[PDB]
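# Commentary on secondary and tertiary structure
Here are the chains, one letter per residue:
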Protein chains: 2
Amino acid sequence: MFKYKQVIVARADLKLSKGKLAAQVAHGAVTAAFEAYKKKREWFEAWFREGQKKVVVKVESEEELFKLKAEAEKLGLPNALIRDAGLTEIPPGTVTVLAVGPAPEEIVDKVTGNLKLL
Amino acid sequence: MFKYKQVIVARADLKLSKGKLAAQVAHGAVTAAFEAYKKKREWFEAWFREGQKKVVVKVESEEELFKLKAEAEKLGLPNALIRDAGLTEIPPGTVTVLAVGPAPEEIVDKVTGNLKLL
Ligand code: NA
Ligand code: NA
């Protein structure tokens, strides 16, 4: 009776235009979805046919994305920290979003439950 | 020497909040990515390791998404027309975005090249 979800944490301090931010969120969702597909197949499958729920939250620094990624790693959650070579309006290698999940909602919330909604 | 990309067409007439629109764009990207993975594996693989380029464009009606989906189908392009049962702020079954690709840029552009950027 587990519910599954993916939470994408987007940086709101990069002054990115909406189309670019949406693209970054999509990079995170796709990348983490494939991470789950290959190493947590059951979680991926359940999520994918139960609405593939996604919630977009935000942070105001690059540092918070790294700390959240570390927490996701420590809990064994599929995740993807995104950088985009094509996003030249920000410095090369700058991370834009962190996608966490798909995974059981209660586990994902341990990492992202207190983040604020975009 | 083919370049690959995925274009996600989002409806800008639904008055959706940014977090929800980004989530819908992500649904499209993930769904179409898996469509390509299963029926155009080569296109998916190239795209996925070459930056998985995504561009977000918009339309102002549900009707345009259907016409674009038909065009994508006629050109044999992986695509995903999205509806979200959890998006209750709009009528049930309402389509929100159409993701086209990954596929060679020149083919994708035949469908989305004249759409305006979000
Ligand atoms: Na660019
Ligand atoms: Na909802």
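Per the PDB record, this model was obtained through X-ray crystallography at a reported resolution of 1.20 Å.

### Here's the deal with the overall build of chain A
Counting its regular elements, chain A contains four helices and five strands. Counting from the amino terminus, chain A carries its helices and strands in the arrangement β-α-α-β-α-β-β-α-β. Relative to the compact-globule value of 13 Å for 118 residues, chain A shows a C-alpha radius of gyration of 13 Å, a close match. A principal-axis box enclosing the C-alpha atoms of chain A has dimensions of 45 × 25 × 20 Å. Within chain A, the proportion of its 118 residues that are buried is 55%. Summarising the internal contacts of chain A: among those between residues at least 6 apart in sequence, 77% fall at separations of at least 24.

### Concerning the packing of helix α1 (residues 18-39) of chain B against helix α2 (residues 41-49) of chain B
All names here are of chain B. One can describe the packing of α1 onto α2 by two numbers: an axis separation of 5 Å at closest approach and a directional angle of 125 degrees. With respect to each other, α1 and α2 are oriented oblique. Here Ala33, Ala36, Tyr37 and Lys39 of α1 lie close against α2, whose contacting residues are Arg41, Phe44, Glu45 and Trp47. Each residue belonging to the contact of α1 with α2 can be placed in one class, and the counts come to five nonpolar, no polar and three charged.

### Points about the packing of aromatic side chains
Evaluation of the coordinates by the stated rule reveals 18 aromatic pairs over all chains. Cation over ring: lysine 40 of chain A sits above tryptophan 43 of chain A, and NZ or CZ is 4.3 Å from the ring centre.

### Regarding the relation of the copies chain B and chain A
With an axial shift of 0.0 Å and an RMSD of 0.0 Å, the rotation relating chain B to chain A amounts to 180 degrees. Both copies are brought into coincidence by an operation consistent with a two-fold rotation axis. Take the interface residues of chain B: 100% of them recur as interface residues in chain A, which is what a same-surface contact looks like.

### Quick word on the side chain of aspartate 84 of chain A
All names here are of chain A. Along the chain, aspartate 84 turns up in the loop between β3 (79-83) and β4 (95-104). It is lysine 20 that comes nearest to the buried, bridge-free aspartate 84 among opposite-charge side chains, at 7.2 Å. There is a polar contact of 3.0 Å between the side chain of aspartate 84 and the side chain of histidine 27. Apart from the residues lying within four places of it in its own chain, the contact partners of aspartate 84 are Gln24, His27 and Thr94.

Parameters at a glance
- Residues numbered from 1 in each chain as written, not as in the entry; some residues may be left out.
- Chains lettered and ligands numbered in written order.
- Heavy atoms only, no water.
- Helix = DSSP H or I, 4+ residues; strand = E, 2+ residues; numbered from the N terminus.
- Rg over C-alpha atoms; globule rule 2.2 N^0.38 Å.
- Buried < 20%, exposed > 50% of the residue type's maximum accessible area, 1.4 Å probe, protein only.
- Contact = heavy atoms within 4.5 Å.
- Axes fitted to C-alpha atoms, helices over the stretch in contact; angles between N-to-C directions.
- Parallel < 35°, antiparallel > 145°, perpendicular 65-115°, else oblique.
- Nonpolar A, V, L, I, M, F, W, Y, C, P; charged D, E, K, R; others polar.
- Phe/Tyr/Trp six-rings, centres within 6.5 Å; stacked < 30°, edge-to-face > 60°.
- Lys NZ or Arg CZ within 6 Å of the ring centre and 35° of its normal.
- Least-squares fit on C-alpha atoms.
- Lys, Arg positive; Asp, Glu negative; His and termini not counted.
- Salt bridge = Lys/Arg side-chain N within 4 Å of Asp/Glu carboxyl O.
- Polar contact = N/O pair within 3.5 Å; in protein donor to acceptor, adjacent residues only side chain to side chain.

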